[PDB]
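One structure is given below, encoded as structure tokens.
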């Protein structure tokens, strides 16, 4: 009778904590995706200026 | 930028050296022509010495 209140409160706390944890995981994953995309765009610029350098030579 | 500047500097070096060699080449050609003049003068003197009275 009495215990169900505490049970529901603790389980809701667990659910919210897991949700925010998954959100933080999302933050990290998207940050690393940004890092990777930054490297790929750096690579595109590197390729283009490689072509320009060859044309100069 | 460093690579491009390397190219742009090396193509100053090379062209300056080439014009330098052009100058010295034309000067050496002139020197060869004047040495040719002096050698011809030696030929003429060797001919004159054959004429004994003039040589005397």
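Residue numbers (the entry's author numbering), protein chains in the order written: chain N, 3 to 59; chain J, 58 to 113. We put the beta carbon where it would ideally sit given N, CA and C, even for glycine.
Asked                                                                                                                        : Found
So is residue 59 (chain N) in contact with chain J if we call contact Cβ pairs under 8 Å?                                    : yes
Taking DSSP as the reference, what is the three-state secondary structure of residue 3 (chain N)?                            : coil
Have a look at residue 111 (chain J) and residue 100 (chain J) and give me their C-alpha separation to the nearest angstrom. : 16 Å
What would DSSP say about residue 59 (chain N), mapped onto helix, strand or coil?                                           : coil
Please list, in chain order, the chain N residues whose beta carbon lies closer than 8 Å to that of residue 64 (chain J).    : 58, 59
Between the segment 59–67 of chain J and the segment 47–58 of chain N, do at least 3 Cβ pairs fall closer than 8 Å?          : yes
Going along chain N, which residues have a C-beta under 9 Å from residue 97 (chain J)?                                       : Here the premise fails: no neighbours, minimum Cβ distance about 51 Å.
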